[PDB]
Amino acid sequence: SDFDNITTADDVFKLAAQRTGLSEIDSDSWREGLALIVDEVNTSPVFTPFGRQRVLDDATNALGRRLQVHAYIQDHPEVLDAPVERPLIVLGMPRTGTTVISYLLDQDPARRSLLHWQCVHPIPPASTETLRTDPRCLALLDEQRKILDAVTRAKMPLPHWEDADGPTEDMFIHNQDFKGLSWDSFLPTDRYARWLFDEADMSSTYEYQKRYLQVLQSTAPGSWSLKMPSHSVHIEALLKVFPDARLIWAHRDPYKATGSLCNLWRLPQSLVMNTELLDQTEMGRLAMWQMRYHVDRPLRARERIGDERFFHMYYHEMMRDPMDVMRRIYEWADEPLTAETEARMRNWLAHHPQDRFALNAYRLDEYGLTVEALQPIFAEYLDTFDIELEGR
């Protein structure tokens, strides 16, 4: 299992087949994206020798999951017959501060959420009663606690999980088809991101997500609650696969979210790249380019299908009164918010105080941006949605 002889996407495949002990796969869709990633980790000089191995190791594990899910479905065709109806899906720009709602929806026992451990070890699926106590989940929690090296180091802002097994993004299902925006944050250039947004056919990916969800439902049934910012970008393919999707559009100051995006990228850049070869001023234009797709893709879809197909969740409303937003979400989704559930939601908020709404200078200077430069990108967006800014 070494990345010395990994030159092509097929080599990555062999390793994944080696590790998982499986060799059959559902299609060829995974190859195009993985080939772009591999070509870059091999050729780009910005990568640390370690960084290269890290990216290839993650790709291998991701592809291995794809292999594991395919073997399972073949042995359990019936899972494909059970529908995934009216999934609750949160989309929009990244850095909108949606974390709270994901956890609150997870408090409803009739609703299912995608937990991070299910994006690491999906097969075999667990029962509802054990979604948070399954040994694979516990093991993940323990080796997470088993990396708390007090070696005078802070950490690495991403202990993905929170409490015992929490909601995660569909991004970690999607990257298994190598058509997910997360891979781009591990790449020095924007070739992969431009391919993804302007060329990649996203159908294979969303079709894969549905199968994935059908496998998790088979042992732990319920109505799905999903999230992933770039669902906004790929909203057309999403609708194709989940035509009945109840879309929750998450909003927040676009200027703030943009600078926050650029900042978010620093962590993966520092984990696998020689940061001195990077230009943070150039990261600003990429973030700007990416944000444009995050607002226009869904804006066009909304113009076509109607505002009523969406629920608008504002960051400022989520801070001042989340419980109010929940009741309105439930009314809108026309579903009863039981007292038991409302209590769990309140109990969660009590134990998880949220950062008060505050206004500070965004300052995209650090990334070569200005509100004046971003204004045209979000002009329509800010004009159609009443967003409370956190500027100056």
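All residue numbers are counted from 1 along the displayed sequence.
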Between the two ranges 29-37 and 42-50, the one averaging a larger CA B factor in the entry: 42-50
Given 285-293 and 206-214, the range whose Cα B-factors average higher in the PDB entry: 285-293
Candidate set 266, 95, 111, 146 [ranked by C-alpha B-factor, highest]: 146
Maximum C-alpha temperature factor, selected from 246, 153, 174, 227: 153
CA B-factor ranking of residue 12, expressed as a third of its chain: middle
Residue 252 by Cα B-factor - lowest, middle or highest third of the modelled chain: middle
Relative C-alpha B-factor of residue 259, binned into the chain's lowest, middle or highest third: middle
Where the record places residue 322 (Cα B-factor, split into thirds across the chain): highest
Residue 160 by Cα B-factor - lowest, middle or highest third of the modelled chain: highest
